[PDB]
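Colleague: All I have is the shape, not the residue letters:
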RNA sequence: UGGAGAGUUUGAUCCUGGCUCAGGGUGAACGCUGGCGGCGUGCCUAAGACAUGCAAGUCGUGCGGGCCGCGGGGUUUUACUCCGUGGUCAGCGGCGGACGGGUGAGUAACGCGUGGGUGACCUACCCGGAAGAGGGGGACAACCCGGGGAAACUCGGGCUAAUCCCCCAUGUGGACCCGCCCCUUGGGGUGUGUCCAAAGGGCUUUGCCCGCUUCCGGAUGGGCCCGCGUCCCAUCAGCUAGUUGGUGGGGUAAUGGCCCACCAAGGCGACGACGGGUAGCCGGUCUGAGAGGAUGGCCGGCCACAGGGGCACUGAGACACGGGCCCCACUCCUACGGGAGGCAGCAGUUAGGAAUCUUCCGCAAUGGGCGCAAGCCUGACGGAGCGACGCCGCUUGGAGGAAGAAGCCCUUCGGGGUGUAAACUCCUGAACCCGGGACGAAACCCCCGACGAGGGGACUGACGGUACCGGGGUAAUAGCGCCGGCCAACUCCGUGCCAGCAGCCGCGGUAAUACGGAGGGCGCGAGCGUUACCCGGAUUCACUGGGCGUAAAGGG
Ligand SMILES: CC(=O)O[C@H]1C[C@@]2(C)[C@@H](C[C@@H](O)[C@H]3[C@@]4(C)CC[C@@H](O)[C@@H](C)[C@@H]4CC[C@@]32C)/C1=C(\CCC=C(C)C)C(=O)O
Ligand SMILES: Nc1nc2c(ncn2[C@@H]2O[C@H](COP(=O)(O)OP(=O)(O)O)[C@@H](O)[C@H]2O)c(=O)[nH]1
């Protein structure tokens, strides 16, 4: 009548539910960063972005993200942020963005 | 690991005239033999149930109701049978029948008195009938404590113990000794019993005379050895609804009811022609009969079969000799009271259903796929008795109907469909009102076909009284292919049932040789649509005694018309008379009912012809008009409550009462 | 199955004598020896000239009747020789000739092909060891046709094997009456087979 | 190494030209016959609906428990039942359920075929190479207790294990932005900054086995693009708004209007757009001298779809055939409060139809998943079954035997035929018997070795007591078509334009090789005939290979 493969569904649900979160985590955070960066908060933006970054490659370990999933995100994050901090700010603190 | 000794097998049938308790009786039997309940619907013809290390097959269905036929079929296969009787229905006119059509075949059967709780429930009354009507030799086997409303327990004479039933849900039973009074009543019947069994076992006779009492084991042997011969019929009892007398009648089963082996062999025929017994040896050729096909949702087409010889195996190969067809039996199967026990083979004497087979319809004899290709008996011949006109409304429905019987004829070969070979309308051959009636529901519902239900027509005939002679001229002479034909004939009426006679009354040959054939095909022809209604003008002699011709004008055709004219008018002129069909019918009826029976027949445009007795009954013969002869079934069984039967044959045609001449002018 | 039924009939018809029987046809009575003419009721009458078709048919039926062999089989082997590399005419005979049931008769183990085939069937024959029972077996060049052992001393074998001391066998065959042997030297050849049959016709016949 | 024609317009002729026939081929069906066996092949119609069973699982060498059989019993006897291990039950976690198998509905299209491009990418498992595996926290099932239930199950507390999750570390080294270098669509470097590793089991226990982590390569499989090739209809002629391009964003493994926003008016079409029908494409198949025509069953490749539609989740992979969510349709149980579903898997049921099979045996082999293994699962597959459905082989007898029985048929009554046919005579002996009886199966495992080579050793057959072999061994199924010409094969009797035949031309109207029977004959033979469909014949769409004064055909 039935098959124990829903075991797979039960999981299907867990995992989704997991990464669902670190997913939306980095999301919001990704934003809080670039927000500042643009707003002018030179270093305190760099800060957050330094964090976001981690949380990303961090997520990339598992199955949430992967391949360039992360690296793409980054090449945009610490792309635009430096592309908003040039709105007259001079990269303050030694956040991720390299000299 | 035997579980099949055969002498442990009980194939039985529940028969009886309606009302009774047949059906309800069965489901009950199927709750006792299988209440089981351990800390571990007649769902298809025959079913198995176990009662004290004995496997029983039951096939409740009888009904009596008009159409027996089927009853008389299971009957042929089964070995024993319980003729349920309704205690209550005591001025019982229909307790009969059922049986008198049992000994008909030759099978043993015990009695059961079902409603010993319902009003008029008077045991004896029945016996004052079961020997007065049919007249068997029953033997009282029980005496109920509390007639009808006061239904409590029972006593078995043979075994002189008293039982009780404290309720009717089927729980609080018990074997409580005889209650004060009654007792005495017993004795005597318990002596007669033994006295009755004396007529079988001499042993139980001399010991009767000496003063010694017969052993409960030799006493049984008597009773049993007496039933089996169709001499005696053990009568028992109990409200089947109150769950009473059953668990005890269940014993009554085995203890007296025949085992496949006490049964007399079926005869079968070689492909050449010669009888021969078919031995119930589960090791001889494989011969099994079939008896009932059924469409299952779950497994599909099912062929319930009664094995006689050899032993079928699940997933083998058979051979229906009947329709010389090589079937591949795939699956074997036994019907348990609530599930489908898939067995692996069926040894001679046993019953169940096989799945597979497509060409095996009813009554088909199945042997082994190499065995001597033999065919059993089975040949029963119960034709129909009541039919009706069915015109399938607009030609649309006329089709749904075609399928209607194209599947309904296979799903019930107790009928026949006939399209009046002269005039569209189709008859529905039945065997009793109800019969055809319930088909009118299925055939009209499950087929959604919606048509008309009148009665057949009658094959009337045209002729005349006075003989006449008219001219047959034709001629059309205008300018070339003249068309010149003329003849004169002599028309003369003939005895109803004379036929067709013409007369080459032409001398030298005033009417050239080449044309006569043509003047006959013309005359012959015309005689088709009567001068009155348009019916076969017949019973006449025609005399061509004159007529001329033209050398050039005449035509093979010109003559055919001229002759078709003399005919088309001599009838008109010699005063036409609407002949109709008369039948020969013979009603077998107990001169009891006869009185009115004859009446009825007289008030039916018919005139009596005699009555030379038959059986214990009496036959009456006479003629009748098919018109006032329709649905005679439900009229003969009226004047006779069932005890009536008739036949019918055509014989001649004959003139209508004139008042019925202008009747037909429509 | 290989026909069965009146033979020294066909002997006739084709009007070109055949030894379907073997011995007897030799005697004054191959049928055609007595009444050399197509059978039936009519038979002996001035015959209308045959058509272009009738002709080739009869040459086929002749060639095929000789080897006694189902048109089916007959056709297959032709439809084989054609595509086969080599002058088709010859070729066709070539295989036809390599039938075991034939090689047997040729070898003289059997008075008639009718007979030879039965022998073949009943394993009275052997090839290089393993007996064969398929008349249709096709002999390659360089095989020993011998009589089985259980057989060897069975009347028939002898009498026929007997008249063999003397009688020749095809330049393509070498026989040893003692050991009841016989090799298939080479693929028989056009002339080697002296037949009252014309292959060209027949071919033309399978060209329509 | 390859090409056949013939019947039919007339009084006669020649031409043109239609019609017709013989040939092959079939997943076939139908008729009348029907003996054996091998290898094939068997829903072509309703992608209509479907009872039942089985078609996907497996690891205890990842982890904690419940129950049950063993050790030793905890206590003084069973008690609060602990302990080490092997079954089990489900729960965890690990892989596998995306392969395999089915089907042709859709689709005229980068779907397919082919041949290429990825400075536009991905690849679990498997090889090779390099470096590692350092610390801490942390919950949820299982379980207990408790509630609601007919049922499916469901809700609430509280524990706890791990190769489950999570933080910090170290980073061989990898990811990003910036600068420079080579390069040339995003490819390789290189420095600053910044960010990220990990898991533990078994044993014989600092050493192996199996795992883990990161990075580089190998391999295999893919994603995507592009040129060319891929049907009928102009009595479908114009089509287009995310429409064509652009910038920036999103999105992805990755390119891209794949999406969003905004700008620009562009993009396509008689080289046939758009619209409408039909169809899965190819290897191949049949036919054909060839070109060419048809075709696409089984087998192999690719695609698509799994009731119809929409959607995402998990994941290396899927928008998932036996997963999930919503709409809709159908199917079922119901204590009617609410549950359970999808045979185009294997087999079968029903309906439809002219028609297409067994709810079969075996995991013996091959092949697949999980496991260190033993081993488990495997309707994949290997076999059996029914069917002249096809093909191939074989048999119903062989040799004698009359100027030639009989019967029957024809007769000019002389006789002619059936016909060596029978008879009769010998001889071989299918079937069928007793007996014997496989190959497919040698590894995984285990032992020497070094758990490498190599050597030895053990357990392994569904078919199957089948094939096949030796001994015995009886004369042991024939049909069907046709007999005017094309076309081989002719007489008698019936019949009288009747009944009937018939592909064509045409037969039948009292002496018919054309109807119907008989005798006889011809062809073929477990088959013979018919009916569908495709090629051929048909140079009758002509490239090969045709034509237009009057035959059809020159446009005023
Ligand atoms: C269950 C059984 O054994 O009999 C049942 C079933 C029954 C024998 C039925 C009577 C009659 O239809 C029978 C026929 C021939 C009716 C016609 C078809 O439909 C047949 C396929 C069917 C077979 C059995 C059936 C259907 C019964 C009756 C019917 C009585 C009717 C009334 C109005 C009381 C009965 O027994 O009373
Ligand atoms: N009261 C009562 N009724 C009974 C009993 N047996 C049968 N019946 C009634 O008989 C009637 C018909 O029953 P059934 O067995 O179907 O009749 P059958 O089919 O003609 O035998 C129903 O009304 C039942 O209630 C009984 O023992 N007691």
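Modeller: Cool, the structure landed. Numbers count the residues shown, from 1 in each chain, chains lettered A, B, ... in the order given. Ligands and ions are numbered 1, 2, ... in the order given.
Colleague: Please point out which parts of stretch C:169-183 sit buried.
Modeller: For stretch C:169-183, burial by neighbour count (16 or more other Cβ atoms under 10 Å in any protein chain shown) applies to C:170, C:172, C:173, C:175, C:180, C:182, C:183. C-beta: built from backbone N, CA, C; applies to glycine.
Colleague: got a list of what whichever residue of chain A sits closest to ligand 2 touches?
Modeller: Ligand 2 sits closest to residue A:1 of chain A, with a gap of 37.5 Å, by Cβ to the nearest ligand atom. Neighbouring residues of residue A:1 by Cβ atoms under 8 Å, 6 or more residues apart in numbering or on different chains: there are none.
Colleague: farthest pair in the buried residues of stretch C:169-183?
Modeller: C:172 and C:180 (18.8 Å; Cβ to Cβ).
Colleague: where along chain B do the helices fall?
Modeller: Assigned by DSSP state H, the helices in chain B fall at B:22-32, B:71-77, B:123-130, B:185-196, B:203-210, B:218-227, B:246-256, B:397-408, B:433-445, B:516-526, B:556-573, B:594-602, B:633-639.
Colleague: Chain C now?
Modeller: Under DSSP H, chain C gives helices at C:23-26, C:52-66, C:71-81, C:88-97, C:100-107, C:113-121, C:155-162, C:199-205.
Colleague: Please enumerate the helices of chain A.
Modeller: Using DSSP H, helices in chain A cover A:6-39, A:42-61, A:67-80.
Colleague: Single out the most deeply packed of those.
Modeller: The highest mean neighbour count among the helices of chain A, using mean count of other Cβ atoms under 10 Å in any protein chain shown, belongs to helix A:42-61: a mean of 19.
Colleague: contacts for it?
Modeller: A:19, A:22-23, A:25-26, A:29-30, A:32-37, A:39, A:65-66, A:69-70, A:73-74, A:77-78, A:81, A:85, A:89-97.
Colleague: go again using 7 Å as the cut-off
Modeller: Identification of contacts with helix A:42-61 by Cβ atoms under 7 Å, 6 or more residues apart in numbering or on different chains yields A:19, A:22, A:25-26, A:29-30, A:32-33, A:36-37, A:65-66, A:69-70, A:73-74, A:77-78, A:81, A:85, A:89-93, A:95-97.
Colleague: ok, is that helix in contact with RNA strand D or not?
Modeller: Yes - with Cβ under 7 Å from any atom of the strand as the criterion, RNA strand D is reached by helix A:42-61 at A:50, A:53, A:54, A:56, A:57, A:58, A:61.
Colleague: again with stretch B:319-334
Modeller: Yes - applying Cβ under 7 Å from any atom of the strand, one finds stretch B:319-334 touching RNA strand D at B:326, B:328, B:330, B:331.
Colleague: Of the residues you listed - the most surrounded one?
Modeller: Within the residues of stretch B:319-334 next to RNA strand D, most neighbours by other Cβ atoms under 10 Å in any protein chain shown means residue B:331, with 15 neighbours.
Colleague: residues contacting the residue lying closest to that residue once chain neighbours are set aside?
Modeller: Excluding the flanking residues, the one nearest residue B:331 by Cβ to Cβ, 6 or more residues apart in numbering or on different chains is residue B:355, at 4.2 Å. Applying Cβ under 7 Å, 6+ apart, we find residue B:355 in contact with B:299, B:300, B:302, B:330, B:331, B:333.
Colleague: Would you mind measuring from residue B:582 to residue B:422?
Modeller: Taking Cβ to Cβ, to the nearest Å as the measure, residue B:582 falls 18 Å from residue B:422.
Colleague: Give me the more crowded residue out of those two.
Modeller: Neighbours of residue B:582 and residue B:422, each counted by other Cβ under 10 Å, are more numerous for residue B:582; the result is 22 against 9.
Colleague: how about the more buried one, what does it touch?
Modeller: Residue B:582 touches B:623, B:624, B:625, B:651, B:652, B:653, B:654, counting by Cβ under 7 Å, 6+ apart.
Colleague: Is the third one bridged to anything, and to what?
Modeller: Residue B:625 has these beta-bridge partners by DSSP bridges: residue B:582.
Colleague: Enumerate every residue touching the nearest residue to residue C:111 once chain neighbours are set aside.
Modeller: Nearest in space to residue C:111, with sequence neighbours left out and distances taken as Cβ to Cβ, 6+ apart, is residue C:22 at 3.3 Å. By Cβ under 7 Å, 6+ apart, the contact list for residue C:22 reads C:111, C:112, C:115.
Colleague: Kindly report the same for residue A:32.
Modeller: residue A:48.
Colleague: what domains does the record give for chain C?
Modeller: Chain C breaks down into these domains under CATH domains of a matching chain: C:7-96+C:194-207, C:97-184.
Colleague: Am I right that residue B:313 is in contact with residue B:343?
Modeller: No - applying Cβ atoms under 7 Å, one finds residue B:313 not in contact with residue B:343, separated by 10.4 Å.
Colleague: that older thread, so which of the contacts of helix A:42-61 also contact ligand 1?
Modeller: Filtering those for proximity to ligand 1 by Cβ under 6 Å from any ligand atom leaves nothing.
Colleague: so which of the residues you listed also contact RNA strand D?
Modeller: Filtering the contacts of helix A:42-61 for proximity to RNA strand D by Cβ under 7 Å from any atom of the strand leaves A:19, A:22, A:66, A:69, A:70, A:74, A:77, A:78, A:95, A:96, A:97.
Colleague: Return the member of those residues nearest to residue B:605.
Modeller: Within these, proximity to residue B:605 (Cβ to Cβ) peaks at residue A:19, which comes in at 97.6 Å.
Colleague: And the nearest residue to that closest one once chain neighbours are set aside, its phi and psi?
Modeller: Distance criterion Cβ to Cβ, 6+ apart; nearest residue to residue A:19, sequence neighbours excluded, is residue A:64 at 3.6 Å. Dihedral angles of residue A:64 (phi, psi; degrees, to the nearest 10) stand at phi -60, psi -70.
Colleague: Look up how far residue B:131 lies from residue A:64.
Modeller: Taking Cβ to Cβ, one finds residue A:64 at 95 Å from residue B:131.
Colleague: and chain B, which of its residues are near ligand 2?
Modeller: By Cβ under 6 Å from any ligand atom, the residues of chain B that approach ligand 2 are B:16, B:18-25, B:114-115, B:117-118, B:239-241.
Colleague: now these: which count as buried?
Modeller: Neighbour-count burial (16+ other Cβ under 10 Å) applied to the residues of chain B next to ligand 2 gives B:16, B:18, B:20-23, B:25, B:114-115, B:117-118, B:239-241.
Colleague: Alright, I will stop here.
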